[PDB]
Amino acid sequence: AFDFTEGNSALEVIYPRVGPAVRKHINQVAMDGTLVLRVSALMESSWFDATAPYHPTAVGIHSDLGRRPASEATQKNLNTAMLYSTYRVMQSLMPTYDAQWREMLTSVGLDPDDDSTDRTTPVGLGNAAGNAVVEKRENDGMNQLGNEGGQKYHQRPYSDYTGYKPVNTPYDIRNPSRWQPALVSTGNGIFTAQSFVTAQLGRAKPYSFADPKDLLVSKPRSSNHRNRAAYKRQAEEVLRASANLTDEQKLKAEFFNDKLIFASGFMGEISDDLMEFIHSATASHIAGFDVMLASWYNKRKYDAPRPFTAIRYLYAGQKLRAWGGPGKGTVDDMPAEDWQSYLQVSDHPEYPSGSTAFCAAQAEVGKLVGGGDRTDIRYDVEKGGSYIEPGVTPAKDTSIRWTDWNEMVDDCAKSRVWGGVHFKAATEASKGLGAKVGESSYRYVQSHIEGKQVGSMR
């Protein structure tokens, strides 16, 4: 029931199956940007590579698959290349979802046992393109296969092979100027301590630049607790934002915090030309992948503490005015040792903000695609639809709209402070960081579009 000649296989066949799998596999809140954006970058650049011969000049990022006559550039042909290259990438990234990927193909009539690599057919181009992405990314340094350092047994995808250790335990703040893992429980009586997710990411191969070394942000000096005044001030800002939350801040925090929810507000930016959609989506999420890698390089270098670690340190034995938790509204007697961010604070150091650097990179790419600051980004949440306070937030039906790329970025920054997971400085540093990677990935893909292979993916 999909129209190869007129539909968009991404929006109608691929996304409806890959989004849910990602939530089922990784996290119900699509919160783990280095995992979801690896899927996102790898899948969609495989679209770019699988359909490059149907463009007048484009060459692929991971493969050089030649040229086809412009008359073969049918909607059906692009769609078919897309579905097969997705198939190979997802079979590499999420093998335990083998059945789901086969069904992705068979539900639209294609055969998942067709492993042809004929560069004259859209199935061969899809297969060749997806296999090339998989061959170039399985051992890119992120440890997708848990084999780095010659590990033959008990392989765990994306395990850290680089020996990162935190200097605080989840139970003792030994160093308030350094990251501390949070103790977390889903509510079933099991408790676990966070572990720096994809701590090795900083060593993985980027797309649009050679080394994250050259995207170093400045030291987060307000997070040096010996700078007593600036350290206490940013913590006071996080407590005020917590104490003063509005429904709209809560939701804007929830929006920018879930990458799938975030992308779902973009259906007003989508071109009607399939090739255009592919080229924009490739630059967008190559920017996302690369900015996450730059963010994680920075995050590991500075190893900065999340707000709760500062609030616990500064306000020990005290009771704070803050958000009281689901359905409690603001309270005056939050014990500092129980205080939580509104959002669940993620499993990595605080500085800078990965979500914000992805917002900024995406807006940089957005501007370069549409020529100006104009956009149309939308989020609609029914009464009680919040995923932090279901049944309480928002109190009434809510529509949030952005029409300027910059104001959206600014809100995304603000929202991590409202969310409780970042100090102001992290979000500010991520604006310039995202801007740079978003332009560099735009120029990287645009070069390839224009027939110029650049970089070292091949």
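So that there is no doubt, residue numbering starts at 1 and follows the sequence shown.
The PDB entry records a higher mean C-alpha B factor for 110-118 than for its counterpart among 110-118 and 320-328. Comparing the deposited coordinates for 140-148 and 259-267, the stretch with the larger average C-alpha B-factor is 259-267. Within the listed group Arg156, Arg306, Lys383, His225, the record reports its top CA B-factor for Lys383.
The maximum CA B-factor among the listed residues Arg312, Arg88, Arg378, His348, taken from the PDB record, is found at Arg378. The PDB entry assigns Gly371 a C-alpha temperature factor belonging to the highest third of its chain's modelled residues.
The PDB entry assigns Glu237 a C-alpha temperature factor belonging to the middle third of its chain's modelled residues. Split the chain's modelled residues into thirds by C-alpha temperature factor. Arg443 is in the highest one. The PDB entry assigns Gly420 a C-alpha temperature factor belonging to the lowest third of its chain's modelled residues. Ranked by Cα temperature factor within the chain, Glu428 sits in the lowest third according to the deposited record.
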